[PDB]
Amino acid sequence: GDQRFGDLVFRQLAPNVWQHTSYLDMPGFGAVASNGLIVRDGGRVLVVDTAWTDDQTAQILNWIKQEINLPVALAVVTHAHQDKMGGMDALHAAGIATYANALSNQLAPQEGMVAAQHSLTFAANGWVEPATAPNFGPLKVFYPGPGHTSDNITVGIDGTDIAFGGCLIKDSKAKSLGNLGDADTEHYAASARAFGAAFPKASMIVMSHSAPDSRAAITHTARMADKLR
């Protein structure tokens, strides 16, 4: 079940995979939950996305120390908004190697974010160029095209049924596509479907603002995005 740890929530999704959840009271939008992932790969831990803030991200590291007690080898962050990169300084203070889409690192300063230390680049078909993602273990990084943002990336976990859509994917009952302020509305539907096609065996879809869902999250998100065109 859900584990409350200070102001954060942690939920085990698989033997080696947990979801981290943090909250930011955004004036005009309530207290918004954001989810990322924690993956144990043998004797090390890999993180997908920060929490909203440095303090919350340090608390993620504290939870990892108490519940897993292995070094965090790297973190990858999935676009240049605060819910995904707001805690970069906490990762750096902890000595953790950080990775983001090159475009996310380019956008970070203007978005008020600190850039990751390393830039991922992507082949024309969307798969990460492997030399830019060394030692990623089971994390398979895919750029599906522009959607929630132009830089949004996605992550599958090899050896599990889990894929992470970040803010690109909304749950199967969602009423809207959320914050479209930086979105590519023309390309969103295709990008959502490209995420599903990249991880065809993923039956558990994890996303930024809802609990994990079935693949109906992908079909429903794409069908809603069909309207934006």
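The numbering used is simple: start at 1 and walk along the sequence shown. Here, rigid core means the biggest group of C-alpha atoms that superpose within 1.5 Å across both forms.
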query: Between 26-34 and 165-173, the one whose CA atoms sit farther away in 6 other deposited structures of this protein (rigid core aligned); finding: 26-34
query: Farther-lying stretch by C-alpha RMS in 6 other deposited structures of this protein, rigid core as reference, of 178-186 and 48-56; finding: 178-186
query: Between the two ranges 37-45 and 157-165, the one averaging a larger CA B factor in the entry; finding: 157-165
query: Selected stretch [higher average CA B-factor]: 124-132 or 74-82; finding: 124-132
query: Among 58, 202, 32, 64 - the residue whose C-alpha B-factor is largest in the record; finding: 202
query: Third of the chain's Cα B-factor distribution that residue 87 belongs to, per the entry; finding: lowest
query: Residue 183, C-alpha B-factor rank within chain (lowest, middle or highest third); finding: highest
query: Third assignment of residue 53 from its chain's C-alpha B-factors; finding: lowest
query: CA B-factor ranking of residue 210, expressed as a third of its chain; finding: highest
query: Chain-relative CA temperature factor third for residue 21; finding: lowest
